[PDB]
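Let me begin by presenting the structure, written as structure tokens, before commenting on it.
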Amino acid sequence: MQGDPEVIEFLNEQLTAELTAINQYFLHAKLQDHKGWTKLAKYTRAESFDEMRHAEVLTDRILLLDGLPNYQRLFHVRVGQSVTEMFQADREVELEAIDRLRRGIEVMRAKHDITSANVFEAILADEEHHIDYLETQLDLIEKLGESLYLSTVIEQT
Amino acid sequence: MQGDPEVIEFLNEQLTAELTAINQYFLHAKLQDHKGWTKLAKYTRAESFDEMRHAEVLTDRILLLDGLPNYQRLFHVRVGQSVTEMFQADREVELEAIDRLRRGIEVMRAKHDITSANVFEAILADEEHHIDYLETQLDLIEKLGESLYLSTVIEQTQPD
Amino acid sequence: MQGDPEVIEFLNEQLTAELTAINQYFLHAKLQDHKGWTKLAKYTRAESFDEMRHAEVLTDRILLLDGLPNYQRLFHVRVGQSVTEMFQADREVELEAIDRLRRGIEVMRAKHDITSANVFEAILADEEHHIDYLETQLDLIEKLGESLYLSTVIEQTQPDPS
Amino acid sequence: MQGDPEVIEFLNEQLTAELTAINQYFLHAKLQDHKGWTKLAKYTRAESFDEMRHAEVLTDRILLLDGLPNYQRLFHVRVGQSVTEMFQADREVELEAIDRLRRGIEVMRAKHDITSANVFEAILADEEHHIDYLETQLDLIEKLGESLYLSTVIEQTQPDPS
Amino acid sequence: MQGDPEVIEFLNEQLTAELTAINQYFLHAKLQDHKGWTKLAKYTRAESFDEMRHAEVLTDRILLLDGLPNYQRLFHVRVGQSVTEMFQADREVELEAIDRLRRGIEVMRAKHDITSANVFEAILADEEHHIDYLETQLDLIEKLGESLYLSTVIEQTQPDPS
Amino acid sequence: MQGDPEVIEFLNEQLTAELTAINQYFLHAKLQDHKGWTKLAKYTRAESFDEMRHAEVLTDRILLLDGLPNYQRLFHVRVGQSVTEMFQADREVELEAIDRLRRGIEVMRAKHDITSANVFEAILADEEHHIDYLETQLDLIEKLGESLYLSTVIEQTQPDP
Ligand code: HEM
Ligand code: HEM
Ligand code: HEM
Ligand SMILES: [Fe+2]
Ligand SMILES: [Fe+2]
Ligand SMILES: [Fe+2]
Ligand SMILES: [Fe+2]
Ligand SMILES: [Fe+2]
Ligand SMILES: [Fe+2]
């Protein structure tokens with residue numbers, strides 16, 4: 001079996017993108033744990049684990065399609081100091097991931113490929129859930145207050 | 001099998017330092033528990049027991065080298081009224097402990113002694129972890145405010 | 001709710017005394033363990049822990065009275081080379097403790113304070129038991145002979161199995 | 001507490017090196033598993049997780065010293081077709097890491113910093129063990145023959161129940 | 001990769017020393033057991049096994065560096081009739097080992113080699129503990145008297161783990 | 001109660017031989033484990049422990065008879081590069097031990113001492129079993145080939161299950 005070059009390019013772009021997502025999420029989790037916000041650190045660690053589960057599925061698929069996975073390059077990684085910056089950065093990265101996923105799903109469905117379309121659909125659903133959570137947390141922080149939101153997450157054990 | 005007098009005096013000085021730390025930490029734990037800040041009291045108790053382990057291993061080591069540990073003299077022990085003063089006091093005390101530990105490690109390693117250097121290294125790592133915790137707690141209380149942090153640490157769950 | 005200064009000073013003196021006893025007992029236990037005598041080492045460790053409970057309850061009580069405990073002052077600490085010197089030193093320490101406890105109990109009960117008198121009574125009973133043990137051990141070693149006496153505490157005879 | 005830039009840059013270089021090792025090891029594990037050789041895939045997975053722990057410890061230490069870990073820089077990642085190429089690439093990576101680790105521990109111990117030296121020592125021991133394993137495996141395959149060596153690592157079974 | 005001859009010869013000398021210690025300790029344990037002194041025999045057996053572990057780890061380390069372990073030559077092994085001679089012989093061999101270990105770790109650390117230095121530190125700590133035990137036992141028998149000391153190790157073991 | 005010098009010297013030289021045997025066997029086991037042949041390493045370790053138990057019982061018997069065991073002298077220890085050299089060295093050691101054992105048991109039984117003869121018989125049986133195993137392993141290596149035998153004996157220390 002030989003896949004089209006376009007679907008290989010789409011899969012490689014997704015792989016690179018969520019490798020970048022992995023690096024960003026793990027760094028943010030470490031920073032939050034260092035600052036003393038334990039529960040946020042646990043949630044971010046879980047999110048990173050889910051993300052590179054996605055990455056493993058993607059590389060397995062592209063390897064099955066008789067291609068060369070790309071591990072050398074990665075996109076830009078951004079970091080923030082306050083919680084708002086981290087939330088906004090994650091929002092933007094998963095947003096562009098969602099847009100690329102939709103475009104790739106359409107093209108791959110048109111190109112008589114099905115299984116890769118299904119894995120793209122599953123990834124899209126997971127990213128949608130994540131961005132929903134991020135938006136909820138952002139508006140909660142905006143309504144409540146930075147100090148109160150930080151106080152309700154401190155553990156000190 | 002006798003050791004050098006300089007390493008013995010270094011060990012004695014560190015023993016006195018961690019004994020003073022023991023006393024200060026226990027007093028602060030009792031004072032915090034009196035006012036109702038339960039979680040801080042538990043953490044301070046645990047830290048006092050850690051400094052106890054420091055002191056016990058240190059006196060065992062100096063006694064092995066045919067020395068005379070002194071349990072007589074103490075350094076100045078300071079107390080605070082609010083949380084910031086006690087945090088600052090602990091920070092400064094094991095800050096100077098860290099400095100003395102580094103200098104002693106260098107001299108002792110240069111003087112052809114290894115095991116004492118190793119126990120000094122372990123103690124140094126522990127004190128570095130503790131001062132990191134103190135600094136992050138100080139930054140947290142500075143950002144949040146005294147009332148909010150105190151409310152976070154309040155338990156009020158006494159059985160009766 | 002404020003206590004009289006005399007009661008506070010009595011509590012502080014007793015706290016200092018039991019802290020000094022803590023230090024002396026722990027040092028003696030460590031020295032005996034290093035020498036090679038084990039049963040004496042564990043018994044001295046237990047006694048040090050008992051005096052540590054003494055100190056904890058004392059500081060709790062004085063703190064309840066809106067007082068200020070002091071952890072700076074410390075009495076003279078004495079050490080010995082042979083077993084007899086250690087026994088005599090501990091005997092003298094707890095003797096002084098007993099005398100101070102009796103005087104404080106009398107004054108404190110005379111000045112309308114009961115709970116502190118009760119904790120002093122409990123501490124006095126414990127100190128009396130300890131000094132009784134010290135005296136009987138000293139008589140035993142004097143009768144038996146030093147070498148023959150300490151031939152008993154030391155042992156390597158696989159005590160782990162049971 | 002503050003750290004001088006030399007220790008920070010040494011730790012950052014080691015962090016990037018271990019990240020590159022993570023990527024290369026996992027890619028090789030996936031490739032070997034796809035080819036049909038299973039035990040090699042399991043061993044490579046374990047090695048990738050070990051380097052993963054290394055990286056986590058390194059970034060924790062960097063953050064403790066009030067530094068700025070970087071997750072952007074990445075070294076060159078190389079891949080191979082036959083088993084010999086993979087083993088040679090891993091051997092080169094480990095050799096470079098060992099040399100850098102030795103230079104770094106020397107420099108940072110000469111400037112009064114001990115804990116960082118200790119974590120460097122632990123990492124150095126682990127990478128030394130790994131390169132020893134790679135060398136002995138390479139000697140084994142060179143002596144035995146490629147096909148005969150591969151015949152002992154393949155297995156045919158359904159999805160393994162873990 | 002490959003080590004310089006100096007570290008190799010240091011490790012070989014230490015290996016020979018620990019082999020000689022193994023032989024001497026086991027012979028002393030057997031002789032003590034034959035005479036009826038029980039606990040001394042099992043303590044010496046435990047010491048023999050500890051030196052066995054020392055030799056094994058040293059052999060692994062030297063073999064890692066592409067060297068040739070020396071299992072042929074031995075130093076001088078000495079025996080004693082009474083307990084004092086055995087204790088003094090063990091003290092002598094431990095002192096020699098301690099001095100050689102210190103010189104070796106200094107030289108090895110001064111030439112960019114850390115892991116072997118760490119194994120030397122571990123061995124040094126263990127032998128220091130052993131010589132401390134020997135010294136305190138010698139002082140104890142000197143104070144107590146040979147016959148009275150021997151009377152406390154003859155019997156009364158009763159090992160019943162269950 | 002003390003025995004004759006001849007039996008004690010026989011026992012002493014047998015003790016020296018067994019000590020040399022355990023040294024050689026342990027060194028060979030370490031070399032084989034380092035090279036990557038795990039199962040051979042396990043078998044060699046078991047054999048070394050067996051011979052070193054032999055040495056323990058022999059020195060116990062020597063001490064019972066009011067003698068002086070010697071732990072100072074040693075015989076020549078030989079090492080090999082490939083499997084064939086190791087097997088041949090072990091075979092030679094066992095052959096020498098068997099010959100000495102037979103001569104010693106005959107001589108010492110002819111002089112009214114049977115318990116030492118019995119321990120010699122037990123050791124003789126054990127060493128005979130060992131040399132039989134070595135011979136059959138050498139025959140297998142000759143029949144199959146150096147590479148095929150090693151491919152059979154190697155294993156991957158995955159430790160991930
Ligand atoms: C990029 C930097 C990453 C770091 C530092 C990291 C960190 C970790 C850590 C600390 C563990 C647990 C190790 C333990 O508990 O002993 C783990 C587990 C795991 N990681 Fe990540 N992670 C990263 C991204 C990745 C990567 C690169 C992979 C590669 C496949 C991945 C997939 C997994 C999987 C499958 C597990 C096991 C989870 C399970 O068995 O349920 N994640 N990771
Ligand atoms: C000043 C020298 C001190 C020494 C040598 C010392 C020694 C010890 C040791 C070794 C333990 C055992 C802890 C464990 O096994 O986890 C212990 C427990 C304890 N310490 Fe300290 N400590 C000291 C300071 C203090 C002081 C001044 C107090 C005052 C009250 C104190 C209160 C306690 C208590 C309440 C315990 C628990 C006792 C028990 O569980 O029975 N400590 N001490
Ligand atoms: C030279 C005369 C020796 C005598 C009389 C002797 C005696 C013994 C005996 C009877 C055992 C019990 C074995 C078992 O229960 O399976 C033992 C333990 C052991 N022996 Fe020796 N042995 C000698 C030399 C050696 C040497 C040089 C080594 C080198 C490594 C060695 C390796 C071991 C090991 C690894 C153990 C077990 C230790 C453990 O499990 O942690 N033997 N010794
Ligand atoms: Fe994602
Ligand atoms: Fe401390
Ligand atoms: Fe008392
Ligand atoms: Fe690594
Ligand atoms: Fe040793
Ligand atoms: Fe044998």
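Quick note on naming: the chains in the structure tokens go A, B, ... in the order shown, residues restart at 1 in each chain, and ligands are numbered from 1 in order of appearance.
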| DSSP helix (DSSP H, G or I) residues within stretch 68-139 of chain F, as a PyMOL selection string | chain F and resi 83-109+115-139
With N, CA and C atoms retained, write the just-selected residues as a short mmCIF file (atom, residue, chain, number, x, y, z; two decimals), in the first residue's frame.
data_model
loop_
_atom_site.label_atom_id
_atom_site.label_comp_id
_atom_site.auth_asym_id
_atom_site.auth_seq_id
_atom_site.Cartn_x
_atom_site.Cartn_y
_atom_site.Cartn_z
N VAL F 83 34.55 -20.29 23.93
CA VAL F 83 33.93 -21.28 24.81
C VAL F 83 34.78 -22.55 24.88
N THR F 84 35.40 -22.92 23.76
CA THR F 84 36.15 -24.18 23.71
C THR F 84 37.31 -24.17 24.69
N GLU F 85 38.03 -23.04 24.80
CA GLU F 85 39.15 -22.97 25.73
C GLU F 85 38.68 -23.11 27.17
N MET F 86 37.57 -22.45 27.52
CA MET F 86 37.05 -22.56 28.88
C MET F 86 36.67 -24.00 29.19
N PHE F 87 35.98 -24.66 28.25
CA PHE F 87 35.57 -26.04 28.49
C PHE F 87 36.78 -26.96 28.63
N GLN F 88 37.80 -26.76 27.79
CA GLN F 88 38.99 -27.60 27.89
C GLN F 88 39.73 -27.38 29.20
N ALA F 89 39.83 -26.13 29.65
CA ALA F 89 40.49 -25.86 30.93
C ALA F 89 39.76 -26.53 32.08
N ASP F 90 38.43 -26.41 32.10
CA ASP F 90 37.66 -27.06 33.15
C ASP F 90 37.82 -28.57 33.10
N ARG F 91 37.84 -29.14 31.90
CA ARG F 91 38.03 -30.58 31.77
C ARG F 91 39.37 -31.02 32.34
N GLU F 92 40.44 -30.27 32.05
CA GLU F 92 41.75 -30.64 32.58
C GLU F 92 41.77 -30.57 34.10
N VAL F 93 41.18 -29.51 34.66
CA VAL F 93 41.15 -29.38 36.12
C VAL F 93 40.42 -30.56 36.75
N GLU F 94 39.26 -30.92 36.19
CA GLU F 94 38.49 -32.03 36.74
C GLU F 94 39.24 -33.35 36.61
N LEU F 95 39.94 -33.56 35.50
CA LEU F 95 40.69 -34.80 35.33
C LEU F 95 41.78 -34.94 36.39
N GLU F 96 42.54 -33.86 36.62
CA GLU F 96 43.57 -33.92 37.65
C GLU F 96 42.95 -34.19 39.02
N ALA F 97 41.83 -33.53 39.32
CA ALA F 97 41.18 -33.75 40.61
C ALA F 97 40.74 -35.20 40.76
N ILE F 98 40.21 -35.80 39.70
CA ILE F 98 39.73 -37.18 39.77
C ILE F 98 40.88 -38.13 40.06
N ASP F 99 42.00 -37.96 39.35
CA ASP F 99 43.14 -38.84 39.58
C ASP F 99 43.65 -38.74 41.01
N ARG F 100 43.82 -37.50 41.49
CA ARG F 100 44.31 -37.32 42.85
C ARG F 100 43.34 -37.91 43.86
N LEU F 101 42.04 -37.73 43.63
CA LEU F 101 41.03 -38.26 44.55
C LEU F 101 41.10 -39.77 44.65
N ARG F 102 41.22 -40.45 43.50
CA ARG F 102 41.27 -41.91 43.53
C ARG F 102 42.51 -42.41 44.28
N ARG F 103 43.67 -41.83 43.97
CA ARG F 103 44.88 -42.25 44.66
C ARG F 103 44.76 -42.03 46.16
N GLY F 104 44.23 -40.87 46.55
CA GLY F 104 44.11 -40.55 47.96
C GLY F 104 43.16 -41.47 48.70
N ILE F 105 41.99 -41.76 48.11
CA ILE F 105 41.04 -42.61 48.81
C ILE F 105 41.62 -44.00 49.00
N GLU F 106 42.28 -44.53 47.96
CA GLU F 106 42.90 -45.85 48.12
C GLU F 106 43.92 -45.84 49.26
N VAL F 107 44.84 -44.87 49.24
CA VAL F 107 45.92 -44.86 50.23
C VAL F 107 45.36 -44.71 51.64
N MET F 108 44.42 -43.78 51.82
CA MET F 108 43.93 -43.48 53.16
C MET F 108 42.98 -44.53 53.69
N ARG F 109 42.27 -45.25 52.81
CA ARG F 109 41.47 -46.37 53.28
C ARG F 109 42.35 -47.54 53.67
N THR F 115 35.92 -42.36 57.33
CA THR F 115 35.08 -41.19 57.13
C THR F 115 35.67 -40.26 56.07
N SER F 116 36.98 -40.03 56.15
CA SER F 116 37.65 -39.24 55.12
C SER F 116 37.52 -39.92 53.76
N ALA F 117 37.61 -41.25 53.73
CA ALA F 117 37.38 -41.97 52.49
C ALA F 117 35.98 -41.70 51.95
N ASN F 118 34.98 -41.67 52.83
CA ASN F 118 33.62 -41.43 52.38
C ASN F 118 33.45 -40.03 51.79
N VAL F 119 34.03 -39.02 52.44
CA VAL F 119 33.91 -37.68 51.86
C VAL F 119 34.63 -37.63 50.51
N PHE F 120 35.75 -38.35 50.39
CA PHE F 120 36.42 -38.42 49.10
C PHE F 120 35.54 -39.07 48.04
N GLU F 121 34.81 -40.13 48.42
CA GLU F 121 33.90 -40.77 47.46
C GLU F 121 32.82 -39.80 46.99
N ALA F 122 32.23 -39.05 47.92
CA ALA F 122 31.18 -38.11 47.53
C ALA F 122 31.73 -37.05 46.56
N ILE F 123 32.89 -36.49 46.89
CA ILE F 123 33.48 -35.49 46.01
C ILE F 123 33.80 -36.09 44.65
N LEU F 124 34.28 -37.34 44.63
CA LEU F 124 34.60 -38.00 43.37
C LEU F 124 33.37 -38.14 42.49
N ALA F 125 32.25 -38.55 43.09
CA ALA F 125 31.02 -38.67 42.31
C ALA F 125 30.60 -37.33 41.72
N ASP F 126 30.67 -36.26 42.52
CA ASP F 126 30.27 -34.95 42.01
C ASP F 126 31.15 -34.50 40.85
N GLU F 127 32.47 -34.63 41.00
CA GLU F 127 33.35 -34.18 39.93
C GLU F 127 33.20 -35.04 38.68
N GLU F 128 32.88 -36.33 38.84
CA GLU F 128 32.61 -37.17 37.67
C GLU F 128 31.38 -36.68 36.91
N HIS F 129 30.32 -36.34 37.64
CA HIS F 129 29.15 -35.79 36.97
C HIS F 129 29.51 -34.51 36.20
N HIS F 130 30.30 -33.64 36.83
CA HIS F 130 30.66 -32.39 36.16
C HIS F 130 31.46 -32.63 34.89
N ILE F 131 32.44 -33.54 34.93
CA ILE F 131 33.25 -33.75 33.73
C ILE F 131 32.41 -34.39 32.64
N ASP F 132 31.43 -35.23 33.00
CA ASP F 132 30.52 -35.75 31.99
C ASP F 132 29.75 -34.63 31.30
N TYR F 133 29.25 -33.67 32.08
CA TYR F 133 28.54 -32.54 31.48
C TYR F 133 29.45 -31.76 30.54
N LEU F 134 30.69 -31.51 30.96
CA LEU F 134 31.62 -30.78 30.10
C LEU F 134 31.86 -31.52 28.79
N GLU F 135 32.04 -32.84 28.87
CA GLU F 135 32.30 -33.62 27.66
C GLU F 135 31.13 -33.54 26.69
N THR F 136 29.90 -33.69 27.20
CA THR F 136 28.76 -33.64 26.29
C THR F 136 28.58 -32.24 25.70
N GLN F 137 28.87 -31.19 26.47
CA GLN F 137 28.78 -29.84 25.91
C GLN F 137 29.81 -29.63 24.81
N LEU F 138 31.03 -30.13 25.00
CA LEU F 138 32.04 -30.01 23.96
C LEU F 138 31.63 -30.76 22.70
N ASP F 139 31.05 -31.95 22.87
CA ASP F 139 30.58 -32.70 21.70
C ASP F 139 29.49 -31.94 20.96
#
| query | Do you know which residues are within 6 Å of ligand 2 using only C-alpha atoms and all ligand atoms? Can you write them as a PyMOL selection string? | reply | (chain B and resi 23+52) or (chain C and resi 26+49+52-53+55-56)
| query | Excluding same-chain residues fewer than 5 positions from residue D:5, what lies within 10 Å of it counting only C-alpha atoms, as a list in words? | reply | residues 10, 11 and 67 of chain D
Restrict the selected residues to C-alpha atoms and save them as a compact mmCIF listing (two decimals), in the first residue's frame.
# COMPACT_ATOMS: atom_id res chain seq x y z
CA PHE D 10 25.73 23.42 30.98
CA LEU D 11 22.43 22.12 32.33
CA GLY D 67 16.72 29.55 35.69
| Do you know which residues are at most 9 Å from residue C:47 counting only C-alpha atoms, after dropping those on the same chain fewer than 2 positions away, and could you put them as an NGL selection string? | :C and (22 or 25-26 or 42-45 or 49-52 or 130)
Quick one: superpose chain E onto chain C using all C-alpha atoms paired in order, least squares, and give it to me as a compact mmCIF listing (two decimals) with C-alpha atoms, in the first residue's frame.
# COMPACT_ATOMS: atom_id res chain seq x y z
CA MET E 1 -7.33 33.89 80.97
CA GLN E 2 -4.00 35.19 82.27
CA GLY E 3 -1.62 33.86 84.91
CA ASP E 4 0.49 35.71 87.43
CA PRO E 5 4.26 35.95 86.82
CA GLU E 6 5.15 33.55 89.66
CA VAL E 7 3.55 30.49 88.06
CA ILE E 8 5.00 31.51 84.70
CA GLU E 9 8.54 31.72 86.07
CA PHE E 10 8.14 28.40 87.90
CA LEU E 11 7.03 26.70 84.69
CA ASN E 12 9.87 28.33 82.75
CA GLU E 13 12.45 27.13 85.27
CA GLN E 14 11.07 23.59 85.12
CA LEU E 15 11.13 23.72 81.31
CA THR E 16 14.79 24.76 81.32
CA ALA E 17 15.63 21.96 83.75
CA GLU E 18 13.92 19.31 81.61
CA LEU E 19 15.64 20.60 78.45
CA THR E 20 19.03 20.31 80.15
CA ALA E 21 18.10 16.80 81.27
CA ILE E 22 17.15 15.92 77.69
CA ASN E 23 20.55 17.01 76.39
CA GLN E 24 22.50 15.24 79.13
CA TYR E 25 20.57 11.98 78.82
CA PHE E 26 20.93 11.79 75.05
CA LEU E 27 24.66 12.51 75.23
CA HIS E 28 25.10 9.80 77.85
CA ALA E 29 23.13 7.33 75.73
CA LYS E 30 25.31 8.03 72.69
CA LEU E 31 28.51 7.70 74.73
CA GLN E 32 27.37 4.41 76.26
CA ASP E 33 26.38 3.00 72.87
CA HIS E 34 29.75 3.95 71.39
CA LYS E 35 31.61 1.93 74.03
CA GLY E 36 29.73 -1.32 73.37
CA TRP E 37 27.32 -1.35 76.33
CA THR E 38 24.06 -1.94 74.48
CA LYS E 39 21.08 -2.14 76.83
CA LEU E 40 22.22 0.87 78.86
CA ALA E 41 22.03 2.87 75.63
CA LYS E 42 18.43 1.97 74.84
CA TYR E 43 17.28 2.48 78.44
CA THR E 44 18.84 5.94 78.39
CA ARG E 45 17.16 6.63 75.04
CA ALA E 46 13.79 5.76 76.57
CA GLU E 47 14.51 8.13 79.46
CA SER E 48 15.40 10.86 76.96
CA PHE E 49 12.07 10.39 75.21
CA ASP E 50 10.21 10.55 78.53
CA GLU E 51 11.85 13.88 79.32
CA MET E 52 10.93 14.95 75.76
CA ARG E 53 7.27 14.36 76.59
CA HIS E 54 7.68 16.25 79.86
CA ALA E 55 9.04 19.29 78.01
CA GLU E 56 6.27 19.19 75.41
CA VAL E 57 3.46 19.13 77.98
CA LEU E 58 5.12 21.90 80.00
CA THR E 59 5.36 24.07 76.88
CA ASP E 60 1.68 23.49 76.11
CA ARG E 61 0.68 24.45 79.65
CA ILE E 62 2.72 27.66 79.74
CA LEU E 63 1.51 28.68 76.28
CA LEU E 64 -2.09 28.20 77.40
CA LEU E 65 -1.67 30.93 80.04
CA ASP E 66 -0.62 33.59 77.48
CA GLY E 67 3.05 33.30 78.43
CA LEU E 68 6.40 33.26 76.67
CA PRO E 69 8.26 29.92 76.79
CA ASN E 70 12.03 30.24 77.25
CA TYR E 71 13.96 28.12 74.74
CA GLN E 72 17.21 30.09 75.00
CA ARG E 73 19.01 29.53 78.31
CA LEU E 74 20.32 26.23 79.68
CA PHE E 75 21.77 25.05 82.97
CA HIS E 76 25.11 23.27 83.38
CA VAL E 77 25.31 19.87 81.68
CA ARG E 78 27.94 17.44 82.99
CA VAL E 79 29.42 14.24 81.58
CA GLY E 80 31.27 11.27 83.00
CA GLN E 81 33.82 8.71 81.86
CA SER E 82 32.72 5.63 83.82
CA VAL E 83 29.24 4.36 84.64
CA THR E 84 29.39 5.59 88.24
CA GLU E 85 29.90 9.22 87.20
CA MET E 86 26.95 9.09 84.81
CA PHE E 87 24.69 7.60 87.46
CA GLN E 88 25.78 10.17 90.05
CA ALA E 89 25.20 13.08 87.66
CA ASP E 90 21.71 11.83 86.83
CA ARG E 91 21.00 11.43 90.55
CA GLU E 92 22.06 15.03 91.19
CA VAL E 93 19.87 16.51 88.46
CA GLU E 94 16.88 14.42 89.55
CA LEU E 95 17.26 15.52 93.18
CA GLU E 96 17.35 19.18 92.17
CA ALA E 97 14.26 18.72 90.00
CA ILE E 98 12.38 16.98 92.81
CA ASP E 99 13.06 19.74 95.33
CA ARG E 100 12.09 22.49 92.89
CA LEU E 101 8.92 20.63 91.91
CA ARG E 102 7.79 20.24 95.53
CA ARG E 103 8.34 23.92 96.32
CA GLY E 104 6.56 24.95 93.13
CA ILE E 105 3.49 22.79 93.65
CA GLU E 106 3.13 24.09 97.20
CA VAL E 107 3.31 27.73 96.09
CA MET E 108 1.05 27.23 93.06
CA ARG E 109 -1.62 25.35 95.02
CA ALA E 110 -1.63 28.07 97.65
CA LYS E 111 -2.84 30.68 95.05
CA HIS E 112 -5.88 29.13 93.33
CA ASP E 113 -4.35 27.22 90.42
CA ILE E 114 -5.01 23.49 90.18
CA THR E 115 -4.30 22.16 86.69
CA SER E 116 -0.66 23.28 86.70
CA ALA E 117 -0.35 21.74 90.15
CA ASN E 118 -1.63 18.46 88.71
CA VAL E 119 0.93 18.46 85.90
CA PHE E 120 3.58 19.15 88.55
CA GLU E 121 2.37 16.13 90.54
CA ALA E 122 2.59 13.87 87.48
CA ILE E 123 6.11 15.06 86.68
CA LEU E 124 7.12 14.60 90.33
CA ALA E 125 5.92 11.00 90.34
CA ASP E 126 7.83 10.20 87.14
CA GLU E 127 11.09 11.74 88.33
CA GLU E 128 10.74 9.93 91.68
CA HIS E 129 10.46 6.60 89.89
CA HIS E 130 13.55 7.44 87.82
CA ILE E 131 15.69 8.39 90.81
CA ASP E 132 14.63 5.19 92.59
CA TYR E 133 15.83 3.17 89.59
CA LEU E 134 19.13 5.06 89.55
CA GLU E 135 19.71 4.45 93.26
CA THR E 136 19.03 0.72 93.06
CA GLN E 137 21.30 0.38 90.02
CA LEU E 138 24.07 2.24 91.85
CA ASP E 139 23.75 -0.07 94.85
CA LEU E 140 23.81 -3.09 92.53
CA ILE E 141 27.01 -2.03 90.77
CA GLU E 142 28.60 -1.16 94.12
CA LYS E 143 27.89 -4.66 95.43
CA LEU E 144 28.73 -6.61 92.27
CA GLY E 145 31.86 -4.82 91.08
CA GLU E 146 32.32 -2.65 88.02
CA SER E 147 33.79 -5.27 85.68
CA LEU E 148 31.39 -8.08 86.61
CA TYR E 149 28.43 -5.71 86.34
CA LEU E 150 29.61 -4.53 82.92
CA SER E 151 29.97 -8.11 81.70
CA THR E 152 26.19 -8.63 81.87
CA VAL E 153 25.27 -5.85 79.41
CA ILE E 154 27.75 -6.33 76.55
CA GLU E 155 25.75 -8.61 74.27
CA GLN E 156 23.28 -11.55 74.12
CA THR E 157 20.31 -9.33 73.25
CA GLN E 158 18.80 -11.27 70.30
CA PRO E 159 15.62 -9.19 69.77
CA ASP E 160 13.20 -11.27 67.67
CA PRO E 161 9.67 -9.91 68.15
CA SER E 162 8.31 -12.32 65.53
| task | Residues within 6 Å of ligand 5, counting only C-alpha atoms and all ligand atoms: report them as an NGL selection string. | result | :B and (18 or 51 or 127)
| task | Show me which residues sit within 9 Å of ligand 4 when counting only C-alpha atoms and all ligand atoms, and put them as a ChimeraX atom specification. | result | /A:14,17-19,21-22,47-48,50-52,54-55,93-94,97-98,123-124,126-127,130
At most 12 Å to chain D: residues in chain A, only C-alpha atoms, as a short mmCIF file (atom, residue, chain, number, x, y, z; two decimals) with C-alpha atoms, in the first residue's frame:
data_model
loop_
_atom_site.label_atom_id
_atom_site.label_comp_id
_atom_site.auth_asym_id
_atom_site.auth_seq_id
_atom_site.Cartn_x
_atom_site.Cartn_y
_atom_site.Cartn_z
CA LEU A 19 4.82 17.46 19.58
CA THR A 20 5.09 21.22 20.07
CA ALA A 21 1.94 21.02 22.18
CA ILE A 22 3.59 18.34 24.32
CA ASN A 23 6.67 20.43 25.02
CA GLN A 24 4.55 23.47 25.90
CA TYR A 25 2.17 21.56 28.18
CA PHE A 26 4.93 19.80 30.10
CA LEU A 27 6.86 23.04 30.62
CA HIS A 28 3.72 24.79 31.87
CA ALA A 29 2.96 21.93 34.26
CA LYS A 30 6.47 22.09 35.70
CA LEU A 31 6.28 25.88 36.14
CA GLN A 32 2.89 25.72 37.85
CA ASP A 33 4.07 22.95 40.18
CA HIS A 34 7.15 24.99 41.07
CA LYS A 35 5.08 28.08 41.87
CA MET A 52 1.38 12.45 23.23
CA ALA A 55 1.17 11.62 18.88
CA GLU A 56 1.85 7.89 19.20
CA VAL A 57 -1.36 7.06 17.33
CA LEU A 58 -0.41 9.49 14.56
CA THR A 59 3.11 8.13 14.09
CA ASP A 60 1.82 4.56 14.08
CA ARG A 61 -0.65 5.43 11.33
CA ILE A 62 1.86 7.23 9.12
CA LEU A 63 4.36 4.39 9.56
CA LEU A 64 1.64 1.96 8.48
CA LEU A 65 1.01 4.07 5.38
CA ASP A 66 4.66 3.50 4.30
CA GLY A 67 6.02 6.97 5.03
CA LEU A 68 8.79 8.70 6.95
CA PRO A 69 7.65 10.31 10.23
CA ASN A 70 9.15 13.74 10.88
CA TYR A 71 10.79 14.21 14.27
CA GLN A 72 13.47 16.82 13.51
CA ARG A 73 11.37 19.98 13.30
CA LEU A 74 8.86 21.60 15.64
CA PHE A 75 6.86 24.82 15.72
CA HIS A 76 7.27 27.84 17.98
CA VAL A 77 6.81 27.30 21.73
CA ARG A 78 5.47 30.12 23.90
CA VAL A 79 5.40 30.49 27.68
CA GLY A 80 3.69 32.81 30.13
CA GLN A 81 4.10 34.14 33.65
#
Per residue of chain B within 7 Å of chain C, what are the shortest atom pair and its distance in Å to one decimal, counting only C-alpha atoms, with rows by chain and residue number, as a tab-separated table?
residue	atom	partner	partner_atom	distance
B:23	CA	C:71	CA	6.7
B:71	CA	C:23	CA	6.5
B:72	CA	C:77	CA	6.4
B:77	CA	C:72	CA	6.9
